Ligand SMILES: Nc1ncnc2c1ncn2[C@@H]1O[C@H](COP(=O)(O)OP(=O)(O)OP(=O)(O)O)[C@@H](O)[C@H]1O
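Next up: just one chain, as structure tokens, the form deposited without the ligand.
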């Protein structure tokens, strides 16, 4: 009998959701490798996928492309599936800097930035959950393809307890040390164990307040409980309990003894080479650094930056494809790529960026060439790891369309809101045109978003608008993430009528009160004027029943034709739907937040 997904939604699926859920559920059951969910903004994409996942009962990886989004999906999925394991997997890269060297300014950028507790605790509960139960969803950054110690090792190395087993106290107290746990009775924190004579409390690497308690009565375990840390408040009463390793790079002693000698041999080979080409300075650096590391490994089985040695510790051949979080999933898992037009290129690029950064360190003598083997997957390797995949995006990239059997379309909104109309107007006299349009919106109590290509034009426009008597706020290209919310929140309140910015694709810009979106320089060259970015931008006017977009330009580029055509196509279909079902489109109300 399996642990299944139980989806908790106050609603039912609606619009063209029911049809889309069915195709993707049927796809996955027929056994399709690649499917694409082309879903317009404002339809329940996340809730459509949550319906797919709940119906297929597969462990699932959902890949997001940044800390913000992964966080959104996470909290969302955690509300949709509160009785199942919704997990969170990010790393150093989220907002930390790795090891690096700049050969001109002679600067070694240390890895220094302390390993933040919350994230670590989280990777562990994610990897342990994968082995413990089935109803798991893991929201991850592209870090789900970085080097991770072998899954079998982490698995095989668990201390697998059961009520009344033939085990000793100090035999277990040594077993937890083998698995990178420390004794700290004077300060109980996660990843620690406490010995109080015959009371042994272990703080799983995966937990917050929920620690474990194993007690003896001879050479046999008596009771095992889930006490609340620094409280003793009995919560659990398990008979079986598995305590997973405290690091994703732990290795049996025997493999470690042998890895170390392989490392010694690599060091000697690399030193001889370097000193043979006259890179004497580079030999000295590598020798000082590697020996110090090898000294920590021989003394206590680990060191800092042990990641660098992962291929050696795994005892695999040079050049081997790293193991990653993907290998930790069963063979029959499910991948959902959220915002695929951006997420897939990000994944695709990780390997070259990382290799570039590590090749410099190997050249200058900070690392052994084997450090290149601790790395993210190349896109091809990611490709072979796919069991079954769904791409989700309002504007699928070339890869997705190319490998999917057409697209599963989800265009209808639950309130009948339509994609906007689009006028394209000349650049000459654009500011007064725009002023007068904003004036109309202000009279109808509606707001406006404006995007210009450059920070100077943006700055000029804001002034030009303030002089006109219109309340406008400038959303500076790098402003306090906490102030963003404040200015946006104020536009909703009408403290501001217009809001000028360069990039309108950054989140929190979905505002029901916005009924007009002006795109200055619609025809210029720039990542923000592509087919995909324009559609994404036009969408900022899809939250209002009177949404309209104005592109100012001298010409009609290929990107413009495409976005305009697509927008026309979506609207007609939406209109055809409202006609058939008796729906009048109306603006989705939303309450405004505070502190």
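Positions refer to the first chain, counted from 1.
There is another form of this protein, the form deposited with the ligand bound, and it is not shown here; the text below is about that form.
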Answer among 556 to 564, 22 to 30, 45 to 53, 524 to 532 for heavy atoms within 4.5 Å of the ligand in the deposited complex: the stretch 45 to 53
Would you check whether the ligand, in the deposited complex, lies within 4.5 angstroms of a non-hydrogen atom from each of 13, 41 and 510?
yes
*asked:* So in the deposited complex, is the ligand close enough to residue 17 to count as touching (4.5 Å, heavy atoms)?
replied: yes
| request: Indicate whether residue 182 is a 4.5 Å heavy atom neighbour of the ligand in the deposited complex. | output: no
4.5 Å heavy atom contact, residue 414 to the ligand in the deposited complex: yes
So, residue 132 and the ligand: in the deposited complex, are they within 4.5 Å at any heavy atom pair?
no
Exactly one of 228, 327, 76, 273 comes within 4.5 Å of the ligand in the deposited complex through a heavy atom, and that residue is 76
Across 349 to 371, the residues having a non-hydrogen atom within 4.5 Å of the ligand in the deposited complex turn out to be none
